[PDB]
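Q: One structure, pasted below without further comment.
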Amino acid sequence: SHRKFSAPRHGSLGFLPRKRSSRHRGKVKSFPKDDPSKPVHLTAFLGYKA
Amino acid sequence: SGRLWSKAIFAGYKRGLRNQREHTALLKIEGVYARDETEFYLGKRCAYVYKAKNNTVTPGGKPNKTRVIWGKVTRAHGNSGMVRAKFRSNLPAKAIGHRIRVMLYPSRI
Amino acid sequence: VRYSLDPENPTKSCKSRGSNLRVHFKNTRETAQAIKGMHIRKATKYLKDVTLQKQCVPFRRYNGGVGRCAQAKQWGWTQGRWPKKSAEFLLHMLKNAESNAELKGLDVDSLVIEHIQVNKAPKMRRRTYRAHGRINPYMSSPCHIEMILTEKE
Amino acid sequence: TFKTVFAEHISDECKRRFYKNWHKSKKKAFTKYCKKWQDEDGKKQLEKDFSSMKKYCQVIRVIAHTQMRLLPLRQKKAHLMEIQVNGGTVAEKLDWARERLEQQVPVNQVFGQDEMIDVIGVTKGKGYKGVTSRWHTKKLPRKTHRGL
Amino acid sequence: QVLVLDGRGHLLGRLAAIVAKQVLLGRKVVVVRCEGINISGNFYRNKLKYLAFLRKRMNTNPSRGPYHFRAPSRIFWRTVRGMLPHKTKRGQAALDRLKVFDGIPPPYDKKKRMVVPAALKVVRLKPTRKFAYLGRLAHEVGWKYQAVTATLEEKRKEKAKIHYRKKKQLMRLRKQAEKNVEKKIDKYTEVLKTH
Amino acid sequence: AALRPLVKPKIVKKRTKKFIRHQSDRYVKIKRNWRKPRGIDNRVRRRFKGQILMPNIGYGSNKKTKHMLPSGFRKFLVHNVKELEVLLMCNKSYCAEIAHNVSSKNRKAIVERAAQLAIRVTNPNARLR
RNA sequence: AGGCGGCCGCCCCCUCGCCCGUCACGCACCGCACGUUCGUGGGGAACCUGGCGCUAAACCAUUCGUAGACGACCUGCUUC
RNA sequence: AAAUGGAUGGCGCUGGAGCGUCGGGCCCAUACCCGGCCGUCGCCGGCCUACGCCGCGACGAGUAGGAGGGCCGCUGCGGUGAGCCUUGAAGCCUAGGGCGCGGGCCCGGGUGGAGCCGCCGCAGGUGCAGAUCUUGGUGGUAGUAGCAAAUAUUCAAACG
Ligand SMILES: [Mg+2]
Ligand SMILES: [Mg+2]
Ligand SMILES: [Mg+2]
Ligand SMILES: [Mg+2]
Ligand SMILES: [Mg+2]
Ligand SMILES: [Mg+2]
Ligand SMILES: [Mg+2]
Ligand SMILES: [Mg+2]
Ligand SMILES: [Mg+2]
Ligand SMILES: [Mg+2]
Ligand SMILES: [Mg+2]
Ligand SMILES: [Mg+2]
Ligand SMILES: [Mg+2]
Ligand SMILES: [Mg+2]
Ligand SMILES: [Mg+2]
Ligand SMILES: [Mg+2]
Ligand SMILES: [Mg+2]
Ligand SMILES: [Mg+2]
Ligand SMILES: [Mg+2]
Ligand SMILES: [Mg+2]
Ligand SMILES: [Mg+2]
Ligand SMILES: [Mg+2]
Ligand SMILES: [Mg+2]
């Protein structure tokens with residue numbers, strides 16, 4: 001009680017559901033917000049690490 | 001043609017907080033919202049109507065799935081027009097929120 | 001000796017019995033539930049494929065501590081195991097049932113297994129040696145096996 | 001998801017993505033759909049969709065895939081994606097997409113040099129490992145019975 | 001059969017009480033426009049109470065325990081859960097009878113909508129008291145869908161304004177017709193017996 | 001439609017449950033026979049509601065209608081012809097019933113003599129050829 | 001969270017598609033309940049029927065190793 | 001101002017569902033009243049098993065404890081039932097039919113293969129949930145832990 005030497009706690013609790021992903025292709029959680037001012041473009045690609 | 005019975009919804013048993021009294025029932029009956037209004041409905045009869053997969057009837061023509069438990073109105077209950085009722089056999093308690101016919105039987109006008 | 005489930009007619013039915021044969025009761029029950037209700041040629045192909053492990057037998061009731069296999073998804077279940085010895089004894093009992101169909105003179109092709117049953121038998125006791133000089137028994141659990149087969153129409 | 005429209009022709013890489021066992025499969029994915037593109041009565045029901053798609057939608061995402069014929073991999077299945085078009089109004093976004101159906105999109109057409117661009121993937125596999133290698137916790141000293 | 005209730009200017013606890021008693025008897029009730037429910041009290045205390053309610057959680061596994069809904073329809077639904085006996089297999093059928101919808105669905109765009117008078121702000125609150133907006137509260141706390149619901153509500157109010165002019169046109173035509181003649185054979189009997 | 005005895009009223013039984021022993025559901029080394037629970041803590045003796053009901057003198061049946069079959073007779077067991085002929089005087093209230101260890105050869109003679117004397121036998125057609 | 005709502009032109013019939021009035025029968029089942037209903041309700045097994053079409057996909061066995069304690073996961077297996 | 005996240009019971013509640021003063025209705029306990037039924041007690045009544053029969057009225061909780069009754073039950077003994085049974089007794093099972101408030105019992109159905117019971121008296125080693133009870137058997141745990149000290153086997157053939 002009162003651990004007498006406060007340590008920074010290991011790991012991060014924000015990444016807690018550590019899990020094999022349901023998909024091995026990495027899906028995009030969110031694309032950036034559009035504006036009607038810019039001309040038409042894309043925002044993503046697939047790639048292969050070499 | 002036409003409906004002769006008034007509509008009433010089975011609200012529950014006469015009860016205290018803890019224990020019930022299963023030989024009597026309560027009826028919230030539509031169109032009635034006052035102690036003074038629930039005076040016309042005394043002495044009337046009530047009937048519960050349901051289905052069963054055996055084939056048994058009364059003189060209503062031919063064998064049906066339909067079974068009926070009879071009973072009649074005893075007295076008023078509270079200020080909100082709710083009505084106590086006693087049936088010949090006690091309720092199945094499946095019928096909380098299912099419509100019990102109140103017939104125009106013993107009319108006393 | 002009698003049988004559970006006196007069949008619908010003994011004219012089209014043949015039967016077989018096994019008394020006090022050294023197997024495991026739980027493995028034989030779980031393979032009997034795999035066999036039961038299947039045609040006899042499929043059952044013979046199945047119990048030839050069990051001993052070569054190309055196709056498994058699901059465990060349903062006695063599922064304690066039994067690991068997974070990929071082959072269990074034919075049975076809609078996730079746990080499987082390949083009992084050799086139970087499959088061998090039940091193959092021998094199916095061959096005896098085939099020979100009794102041959103003796104009664106039936107249509108040898110279109111048999112199905114209408115009824116099968118496995119129940120425990122009077123077990124035999126050996127002993128081991130556990131620590132602090134203690135004895136603990138070491139007992140088998142053999143089974144009796146009934147099967148009643150009927151012609152398909 | 002409002003409704004999905006695929007192109008007039010679909011290559012074997014995408015069909016191999018839709019199937020599991022290409023050796024067992026009879027290739028029958030997307031024949032009647034291409035026949036709907038082909039016939040004229042199909043086009044009338046097909047051109048009604050792009051009229052509706054202009055009207056209601058905010059977001060249009062474009063489905064594309066990789067060419068596995070160029071890569072030295074063994075995989076031969078094209079991966080599919082959704083790629084949200086963050087251009088202007090829905091009308092010119094849909095005109096852009098229908099103008100560039102069944103075309104190749106180079107990387108130089110979308111990205112540019114010196115552009116700070118984020119990467120999303122899946123990490124390495126190291127298998128079911130223990131506490132000290134997962135959470136970088138500290139080892140107990142030597143004298144511990146039942147584990148360090 | 002279906003009691004389609006409006007939500008502008010109702011009170012949370014009062015409307016929950018009346019819906020919770022009506023739902024146990026069988027009349028299938030649907031609460032529409034949940035974002036416009038007013039909560040009595042100052043809304044700083046209302047966000048303080050709901051924020052402390054967010055603080056209330058299990059420390060051992062937050063997946064098992066107090067689910068804190070953020071959508072206002074689900075807020076009202078949790079309030080009715082707290083008033084129906086849901087652990088019994090009576091109240092579970094009651095909650096399955098109850099439906100709730102933030103925004104307005106397409107059946108309920110056109111189905112007529114009732115208003116409970118015993119739960120109105122106009123009836124209950126002495127006018128110098130402060131109130132709340134559950135839409136304001138939900139937008140402050142985690143419900144990220146105000147900007148969609150506002151747009152859809154503007155759209156459907158625009159459509160209702162185009163329907164009401166048509167209905168008022170029909171009523172102008174029928175009162176022009178009743179300004180015309182030869183209905184008066186029946187109207188003496190009708191006025192004698194309550195036109 | 002056999003003999004139709006004298007006036008027997010609408011019998012009331014006050015409970016038809018043959019009261020069960022406490023915690024006889026939880027075990028099978030407790031048979032179903034009633035036995036007074038004499039524990040120092042036992043809820044049945046303390047008469048908490050929602051527990052089982054102890055039999056006592058209040059549940060007793062009417063002395064007019066004690067030991068009444070639903071047919072309307074009071075039962076009386078019989079072994080042979082003389083003990084059947086004791087009911088020659090009072091047949092309209094007291095029915096006869098042949099004991100279980102009476103053989104069929106004497107059983108048919110008993111039921112025939114009872115059919116002559118017009119005495120109700122509640123199990124007349126069992127154990128025949 | 002849309003399948004109901006409406007318009008128009010054609011099609012075989014109704015000019016009682018509603019009120020007031022004349023006229024006479026229809027089961028009048030002889031005092032009695034579970035009657036009328038949205039129902040040509042909802043779901044499943046099959047049986048004869050005309051018309052319109054369709055001729056698959058998983059899982060195992062195998063192979064891979066970007067993945068694996070076992071499962072699970074990524075993959076390959078066209079006669080060029 | 002206190003350590004897990006929480007308690008006017010909760011939801012909530014503000015022209016009250018808060019505080020204080022009150023009213024009129026309304027809800028209900030085994031309390032009260034009325035009526036039925038059982039038993040105890042008392043007061044009797046009849047020259048109808050007089051140890052039976054009715055009648056009246058007041059009352060009924062309960063551990064330690066004490067009496068009374070039991071046509072409750074187990075085993076045996078004298079008496080008795082012109083008792084019962086190889087045309088099937090004892091015992092056992094029974095989603096069968098009933099009785100008693102119960103102790104328990106009676107019959108039906110099926111197994112079963114040679115003895116069994118009622119009543120009046122009499123005599124007991126006479127009624128089970130427990131005692132870390134005794135003896136015998138079988139479960140869950142479970143087809144799990146475990147078949148790991150001292151390096152090590154492989155191919156072909158034979159008999160089967
Ligand atoms: Mg997202
Ligand atoms: Mg395991
Ligand atoms: Mg050892
Ligand atoms: Mg030793
Ligand atoms: Mg690895
Ligand atoms: Mg040590
Ligand atoms: Mg105590
Ligand atoms: Mg509070
Ligand atoms: Mg007492
Ligand atoms: Mg013998
Ligand atoms: Mg006896
Ligand atoms: Mg006996
Ligand atoms: Mg003795
Ligand atoms: Mg003793
Ligand atoms: Mg014992
Ligand atoms: Mg004891
Ligand atoms: Mg012990
Ligand atoms: Mg023991
Ligand atoms: Mg054991
Ligand atoms: Mg292990
Ligand atoms: Mg092991
Ligand atoms: Mg060793
Ligand atoms: Mg050999």
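Each chain of the structure tokens is named A, B, ... in the order shown, its residues numbered from 1; ligands are numbered from 1 in display order.
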Show me which residues are within 12 Å of ligand 7 counting only C-alpha atoms (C1' of nucleotides) and all ligand atoms, and format the list as a ChimeraX atom specification.
A: /F:38-43,45-46 /H:63
Q: Could you pull the residues within 8 Å of residue 101 (chain B), counting only C-alpha atoms (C1' of nucleotides), minus those fewer than 5 positions along the same chain, as a list in words?
A: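 Counting only C-alpha atoms (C1' of nucleotides), the residues come to residues 5, 6, 7, 8, 46, 47, 48 and 49 of chain B.
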Q: 12 Å from ligand 12 is the threshold here; counting only C-alpha atoms (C1' of nucleotides) and all ligand atoms, which polymer residues fall inside it? Answer as a PyMOL selection string.
A: (chain F and resi 100-101) or (chain H and resi 73-74+89-91+104-106+116-118)
Q: Check the smallest atom-to-atom distance from each of F:113, F:17, F:67, F:26 to chain H using only C-alpha atoms (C1' of nucleotides), then report the winner.
A: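 Checking each candidate against chain H, we get F:67 as the closest.
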Q: Could you write out, as a VMD selection string, all the residues of region 49-110 of chain F that DSSP marks as helix (DSSP H, G or I)?
A: chain F and resid 57 to 59 81 to 88 104 to 110
Q: Can you write just those residues out, N, CA, C and O atoms, as a short mmCIF file (atom, residue, chain, number, x, y, z; two decimals), in the first residue's frame?
A:
data_model
loop_
_atom_site.label_atom_id
_atom_site.label_comp_id
_atom_site.auth_asym_id
_atom_site.auth_seq_id
_atom_site.Cartn_x
_atom_site.Cartn_y
_atom_site.Cartn_z
N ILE F 57 -54.32 -30.32 12.33
CA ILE F 57 -55.69 -30.79 12.51
C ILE F 57 -56.67 -29.94 11.72
O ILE F 57 -57.83 -30.33 11.50
N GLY F 58 -56.23 -28.78 11.24
CA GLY F 58 -57.11 -27.92 10.47
C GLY F 58 -57.47 -28.47 9.11
O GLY F 58 -58.56 -28.22 8.60
N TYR F 59 -56.57 -29.25 8.51
CA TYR F 59 -56.82 -29.75 7.17
C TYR F 59 -57.77 -30.93 7.12
O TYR F 59 -57.99 -31.47 6.04
N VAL F 81 -66.65 -65.64 0.83
CA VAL F 81 -68.09 -65.55 0.60
C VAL F 81 -68.82 -65.07 1.85
O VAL F 81 -69.75 -64.26 1.76
N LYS F 82 -68.40 -65.53 3.03
CA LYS F 82 -69.07 -65.14 4.27
C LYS F 82 -68.87 -63.66 4.58
O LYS F 82 -69.80 -62.93 4.95
N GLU F 83 -67.64 -63.19 4.38
CA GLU F 83 -67.34 -61.79 4.59
C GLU F 83 -67.91 -60.92 3.48
O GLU F 83 -67.98 -59.70 3.60
N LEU F 84 -68.30 -61.54 2.36
CA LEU F 84 -69.13 -60.82 1.41
C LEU F 84 -70.58 -60.77 1.89
O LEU F 84 -71.27 -59.77 1.68
N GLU F 85 -71.04 -61.84 2.53
CA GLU F 85 -72.45 -61.92 2.92
C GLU F 85 -72.73 -61.12 4.18
O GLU F 85 -73.89 -61.01 4.60
N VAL F 86 -71.69 -60.57 4.81
CA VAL F 86 -71.98 -59.66 5.92
C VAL F 86 -72.55 -58.34 5.40
O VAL F 86 -73.29 -57.65 6.12
N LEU F 87 -72.29 -57.99 4.15
CA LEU F 87 -72.83 -56.76 3.58
C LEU F 87 -74.19 -56.94 2.94
O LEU F 87 -74.58 -56.09 2.13
N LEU F 88 -74.91 -58.00 3.27
CA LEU F 88 -76.21 -58.25 2.66
C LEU F 88 -77.24 -57.24 3.14
O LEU F 88 -78.24 -56.98 2.46
N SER F 104 -58.10 -66.23 -8.96
CA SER F 104 -59.15 -65.97 -9.94
C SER F 104 -60.31 -66.95 -9.83
O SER F 104 -61.46 -66.55 -10.05
N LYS F 105 -60.01 -68.20 -9.47
CA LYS F 105 -61.02 -69.25 -9.38
C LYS F 105 -62.06 -68.92 -8.32
O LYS F 105 -63.27 -69.12 -8.53
N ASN F 106 -61.62 -68.39 -7.18
CA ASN F 106 -62.57 -67.98 -6.16
C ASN F 106 -63.03 -66.55 -6.39
O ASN F 106 -64.10 -66.15 -5.91
N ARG F 107 -62.26 -65.78 -7.17
CA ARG F 107 -62.59 -64.38 -7.40
C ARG F 107 -63.82 -64.25 -8.28
O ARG F 107 -64.67 -63.38 -8.04
N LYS F 108 -63.96 -65.12 -9.28
CA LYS F 108 -65.16 -65.04 -10.11
C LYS F 108 -66.40 -65.52 -9.36
O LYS F 108 -67.49 -65.00 -9.59
N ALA F 109 -66.23 -66.45 -8.42
CA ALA F 109 -67.37 -66.88 -7.61
C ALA F 109 -67.80 -65.78 -6.65
O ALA F 109 -69.00 -65.59 -6.42
N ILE F 110 -66.83 -65.04 -6.11
CA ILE F 110 -67.14 -63.90 -5.24
C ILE F 110 -67.87 -62.81 -6.02
O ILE F 110 -68.87 -62.26 -5.55
#
Q: What's the 10 Å shell around residue 68 (chain G), counting only C-alpha atoms (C1' of nucleotides), without same-chain residues fewer than 4 positions away, as a PDB file with N, CA and C atoms (P, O5', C5', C4', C3', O3' and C1' of nucleotides), in the first residue's frame?
A:
ATOM      1  N   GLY D 125       4.457 -11.363 -36.811  1.00  0.00           N
ATOM      2  CA  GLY D 125       3.965 -12.423 -35.976  1.00  0.00           C
ATOM      3  C   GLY D 125       5.088 -12.950 -35.111  1.00  0.00           C
ATOM      4  N   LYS D 126       4.851 -12.990 -33.809  1.00  0.00           N
ATOM      5  CA  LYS D 126       5.791 -13.623 -32.904  1.00  0.00           C
ATOM      6  C   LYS D 126       5.156 -14.708 -32.055  1.00  0.00           C
ATOM      7  N   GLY D 127       3.904 -15.051 -32.304  1.00  0.00           N
ATOM      8  CA  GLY D 127       3.302 -16.186 -31.643  1.00  0.00           C
ATOM      9  C   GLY D 127       2.948 -15.927 -30.192  1.00  0.00           C
ATOM     10  N   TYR D 128       2.388 -16.960 -29.573  1.00  0.00           N
ATOM     11  CA  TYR D 128       1.904 -16.864 -28.205  1.00  0.00           C
ATOM     12  C   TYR D 128       3.069 -16.863 -27.234  1.00  0.00           C
TER      13      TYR D 128
ATOM     14  P     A G  72      -8.809 -25.324 -38.619  1.00  0.00           P
ATOM     15  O5'   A G  72      -8.778 -23.767 -38.305  1.00  0.00           O
ATOM     16  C5'   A G  72      -9.957 -23.089 -37.903  1.00  0.00           C
ATOM     17  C4'   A G  72      -9.637 -21.736 -37.329  1.00  0.00           C
ATOM     18  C3'   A G  72      -9.068 -20.729 -38.309  1.00  0.00           C
ATOM     19  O3'   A G  72     -10.072 -20.065 -39.050  1.00  0.00           O
ATOM     20  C1'   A G  72      -7.719 -20.780 -36.380  1.00  0.00           C
ATOM     21  P     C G  73      -9.884 -19.836 -40.623  1.00  0.00           P
ATOM     22  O5'   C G  73      -8.570 -18.952 -40.717  1.00  0.00           O
ATOM     23  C5'   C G  73      -8.583 -17.598 -40.306  1.00  0.00           C
ATOM     24  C4'   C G  73      -7.244 -16.954 -40.525  1.00  0.00           C
ATOM     25  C3'   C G  73      -6.725 -16.998 -41.947  1.00  0.00           C
ATOM     26  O3'   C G  73      -7.301 -15.999 -42.764  1.00  0.00           O
ATOM     27  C1'   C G  73      -4.991 -17.578 -40.447  1.00  0.00           C
TER      28        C G  73
END
Q: May I ask you to write as a list in words all residues lying at most 12 Å from ligand 16, with only C-alpha atoms (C1' of nucleotides) and all ligand atoms counted?
A: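 Listing the residues within 12 Å of ligand 16 gives residues 35, 36, 37, 38, 39 and 40 of chain F; 128, 129, 130 and 131 of chain H.
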